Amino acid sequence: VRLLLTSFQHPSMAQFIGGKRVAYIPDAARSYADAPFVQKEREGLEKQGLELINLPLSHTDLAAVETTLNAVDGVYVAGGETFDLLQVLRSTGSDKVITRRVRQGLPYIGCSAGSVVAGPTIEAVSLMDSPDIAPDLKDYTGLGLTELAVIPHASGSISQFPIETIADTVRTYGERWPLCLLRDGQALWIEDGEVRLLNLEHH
């Protein structure tokens, strides 16, 4: 079981995958699909020599979700609106498909919202991403691929998520949940239980 949970990507993503073909799951950002600078995430992976296989879960039946995830060397779950991404994952039902494939050894890279849904819950980022985008979302449980609750952009370097609200997130969820503050540039390299916390320079 291999996870690479980044706040906003990491230079060793390509080495983590160990291959060239990565399924790119964009649904977290479907709410502004063709908005300027939404492609910056795909350029980061492409700049490292990865060829991306787009896999929009909202527009794919689960049989084809299964077929792509068995023809790729890894899967990448892009950032965006965390609550809408879990709405997709639970409604589509690919939450079971992706989780099953990840546990069989398919390496999983998370970025922002992709890193949070890998953990036990998305409730700890409700001061970061709006929960109102999924008003019919009852259960906030994540995929459970990791027990660590990633809080991305922990430096306060994004205007939508300033250090005041990251602090509010710690005040609100720090007691029950094992919060992990990730700054942009950092990533969690998780491999068969061992959790390595990497900075930018670790490659």
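Residue positions are given as counts along the sequence shown, with the first one as 1.
Student: Looking only at CA atoms, which has the higher mean B factor in the entry: 145-153 or 130-138?
Tutor: Averaging CA B-factors over each stretch, the winner is 130-138.
Student: Mean Cα B factor from the PDB record: higher for 34-42, or higher for 171-179?
Tutor: Mean CA B-factor is higher for 34-42.
Student: When the deposited Cα B-factors of this chain's modelled residues are ordered and cut into thirds, is residue 85 in the lowest, the middle or the highest one?
Tutor: Ranked within chain, residue 85 CA B lands in the middle tercile.
Student: Rank-wise, by C-alpha B-factor, drop residue 94 into the lowest, middle or highest third of its chain.
Tutor: Middle third.
Student: If you rank the chain by CA B-factor, which third does residue 2 end up in: lowest, middle or highest?
Tutor: Tercile = middle for this residue's CA B-factor.
Student: Among the chain's modelled residues, which third holds the C-alpha B-factor of residue 18?
Tutor: Middle third by C-alpha B-factor.
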